[PDB]
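A short worksheet on the structure shown next.
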Amino acid sequence: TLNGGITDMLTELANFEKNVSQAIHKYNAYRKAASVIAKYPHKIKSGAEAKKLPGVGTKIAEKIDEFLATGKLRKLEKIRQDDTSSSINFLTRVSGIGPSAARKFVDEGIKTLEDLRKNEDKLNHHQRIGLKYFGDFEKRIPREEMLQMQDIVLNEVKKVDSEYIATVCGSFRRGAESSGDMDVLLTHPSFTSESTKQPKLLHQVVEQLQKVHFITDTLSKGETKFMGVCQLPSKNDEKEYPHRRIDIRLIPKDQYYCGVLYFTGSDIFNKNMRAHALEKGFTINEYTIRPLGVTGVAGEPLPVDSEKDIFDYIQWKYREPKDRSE
DNA sequence: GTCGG
DNA sequence: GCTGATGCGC
DNA sequence: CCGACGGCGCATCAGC
Ligand SMILES: Nc1ccn([C@H]2C[C@H](O)[C@@H](COP(=O)(O)OP(=O)(O)OP(=O)(O)O)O2)c(=O)n1
Ligand SMILES: Nc1ccn([C@H]2C[C@H](O)[C@@H](COP(=O)(O)OP(=O)(O)OP(=O)(O)O)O2)c(=O)n1
Ligand SMILES: [Ca+2]
Ligand SMILES: [Ca+2]
Ligand SMILES: [Cl-]
Ligand SMILES: [Cl-]
Ligand SMILES: [Cl-]
Ligand code: NA
Ligand code: NA
Ligand code: NA
Ligand code: NA
Ligand code: NA
Ligand code: NA
Ligand code: NA
């Protein structure tokens, strides 16, 4: 891609700051700069040119100049050659191991897949599952399989109650040729912002997907969010499909449009849209868009009956889901 | 790390 | 138990 | 030690 060298560098720095430095705002600064650079329609030829872009400052511009002159960044050379940093960064790739747990593990001499396997008594249930499917969760899901997964999920939900509507969101809804995992937005008319007229609405669906052996493991589960593992059925004599991560989110039916906007992403698109909302005097979450008062306190929810309405409130031109990718 | 009050 | 902070995650 | 930065679900832990 255009400016791929630079956006790769900034992404690597982003991940180091989050995972090793435990500096989430530096992580976000790097992600923002990488994002604005990725959409820039010219080849960047200096740090100064890049510095004109919002989110690129003095330090990123200096790194861009080094990268453009030399094809590398000395800072990143050093990080890659640091065994500890590399191990910490590696461990965070396991589902359930974050920057804090990774550092603790590495501090105790645990720094490889083999070490985790020999020390499973030190891992919680989530981490054990993350470890068990480590290779599988590293793989992406071809759209072809995402379609079969969709077919399975929508068929089973219908069986439970025809009044449920399930919508596959994330990268899939943005039209990606492959996805990292499956995200299902769920609504039912019994659950709205005014009342929860039936109990166990999410549970019912999870239970049915477990009954048909689609959902194979549970990482976390509450009244509105499920996080687990699933697998397509495979044929005789053939290699199994990898196990896949699945997220299911039950959203109030009357807040569908804020919900689907959130769950379609991308993550950086959402943060950027919410940032723009804030400078326009609104706050957006997965439920509502609200105006801000003088105290910074949000007011009552604004009327919404399309994704576009949310864009209209903040004076953004509508972006189709496919144009919300990085 | 960047931006803005 | 609670509230609030922290750590995991979307 | 200029301080915000997007916003929140679920799980766990500290200090009641
Ligand atoms: N920090 C984040 C992470 C995610 N999301 C939202 C937007 C994402 O699109 C959606 C699903 O999250 P995923 O991590 O599954 O991301 P994607 O589906 O976008 O990408 P992938 O193809 O890696 O699954 O949740 C968000 O608002 N903020
Ligand atoms: N854009 C900036 C830059 C710095 N600061 C912070 C950091 C400083 O410690 C503090 C006040 O610093 P000074 O008292 O030095 O500010 P002055 O305006 O007096 O600096 P100068 O003497 O250069 O005019 O404000 C800030 O809020 N916004
Ligand atoms: Ca996804
Ligand atoms: Ca997901
Ligand atoms: Cl930070
Ligand atoms: Cl767990
Ligand atoms: Cl709300
Ligand atoms: Na800039
Ligand atoms: Na992880
Ligand atoms: Na179908
Ligand atoms: Na199996
Ligand atoms: Na409208
Ligand atoms: Na409109
Ligand atoms: Na949190």
Side-chain angles (χ1 to χ4, degrees), chain A residues 9-10 13-14 16-19 21-37 47 50-64 75 91-105 123-130 137 168-173 179-186 202 206 218-229 245-252 255 258-280 282-290 292 296 298 310 314:
Chain A
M9 170 189 72
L10 297 177
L13 290 168
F16 168 83
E17 293 304 343
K18 179 160 97 293
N19 292 334
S21 311
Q22 321 204 218
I24 194 65
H25 300 295
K26 291 190 176 177
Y27 162 83
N28 287 327
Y30 281 119
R31 288 288 317 272
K32 179 182 189 193
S35 189
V36 72
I37 289 168
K51 199 189 187 302
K52 290 180 156 168
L53 302 174
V56 177
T58 296
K59 303 192 79 172
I60 291 172
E62 287 181 322
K63 291 171 167 62
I64 290 172
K75 184 174 162 79
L91 291 188
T92 66
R93 298 165 66 187
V94 178
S95 190
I97 304 185
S100 178
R103 180 165 292 263
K104 205 171 102 78
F105 289 143
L123 299 185
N124 66 33
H125 180 250
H126 185 158
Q127 289 158 340
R128 285 166 181 248
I129 296 299
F137 293 172
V168 185
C169 305
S171 62
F172 173 81
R173 187 161 187 266
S179 299
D181 80 351
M182 172 162 275
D183 310 283
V184 183
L185 195 52
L186 190 69
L202 181 55
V206 171
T218 299
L219 302 175
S220 69
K221 185 181 171 301
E223 291 182 333
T224 65
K225 188 167 74 80
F226 175 88
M227 181 182 295
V229 185
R245 280 277 295 106
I246 179 164
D247 298 308
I248 308 173
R249 189 69 195 273
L250 174 78
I251 291 299
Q255 302 180 144
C258 284
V260 80
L261 177 66
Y262 151 72
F263 221 29
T264 296
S266 68
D267 64 340
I268 186 51
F269 174 81
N270 289 349
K271 185 176 178 299
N272 286 340
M273 185 167 183
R274 293 172 184 206
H276 186 67
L278 287 173
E279 73 193 3
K280 287 284 194 182
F282 303 96
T283 184
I284 295 166
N285 62 15
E286 67 261 56
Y287 306 117
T288 61
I289 175 170
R290 290 142 85 192
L292 298 175
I310 306 162
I314 72 179

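FYI, side chains are in, hydrogens and waters are out, and symmetry mates aren't considered; it's all heavy atoms of this structure. Each chain gets a letter, A, B and so on, in the order the sequences are listed, and its residues count up from 1.
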_Contiguous pairing runs of three or more, Watson-Crick or G-U under 3.5 Å, that involve DNA chain B_ = B:1-4 with D:2-5

To the nearest Å, how far apart are [X] [atom1] and [N] [atom2]?
X        : N     : atom1 : atom2 : answer
A:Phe16  : B:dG1 : CZ    : P     : 10 Å
A:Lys59  : B:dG1 : NZ    : P     : 4 Å
A:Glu286 : C:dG9 : CD    : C1'   : 13 Å
A:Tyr30  : B:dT2 : OH    : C1'   : 11 Å
A:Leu123 : C:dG7 : CG    : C1'   : 15 Å
A:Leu278 : B:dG4 : CG    : P     : 14 Å

_Under 5.0 Å from side-chain atoms of A:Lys26 - which groove_ =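 Contact groove = major, per side-chain heavy atoms under 5.0 Å.
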
*For C:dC10, does OP1 or OP2 lie under 4.0 Å from any side-chain N or O of A:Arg245?*
yes

*Minimum heavy-atom distance between A:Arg245 and A:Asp181, given as atom pair plus value*: O-CB, 3.2 Å

*Where is the tightest heavy-atom contact between A:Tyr30 and A:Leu10, given as atom of each residue plus distance?*
CB-O, 3.5 Å

*By a strict heavy-atom criterion of less than 4.0 Å, which residues belonging to residues 262-270 of chain A are in contact with DNA chain D?*
A:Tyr262, A:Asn270

_Given DNA chain D, 5'-ward residue of the pair A:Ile284 and A:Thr224, judged by closest heavy atom_ =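 It is A:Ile284, whose closest nucleotide lies nearer the 5' terminus.
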
*asked:* Quiz question: by atom type and distance under 3.5 Å, do the side chains of A:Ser220 and A:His126 form a donor-acceptor pair?
replied: no

*Under 3.5 Å side-chain donor-acceptor pair for A:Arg173 and A:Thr264*: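 Yes, because at least one side-chain N or O of A:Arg173 sits under 3.5 Å from a partner of the opposite role on A:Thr264.
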
*May I ask you to say what A:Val36 touches in the nucleic acid, namely base, sugar-phosphate or nothing, with a heavy-atom cut-off under 4.0 Å?*
nothing

*A:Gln127 near the nucleic acid: base, sugar-phosphate alone, or nothing, with a heavy-atom cut-off under 4.0 Å?*
nothing

*How would you give the extent of chain A contacts on DNA chain D, as first and last nucleotide 5' to 3' within a 4.0 Å heavy-atom cut-off?*
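Span of nucleotides near chain A: D:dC5 to D:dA11.
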
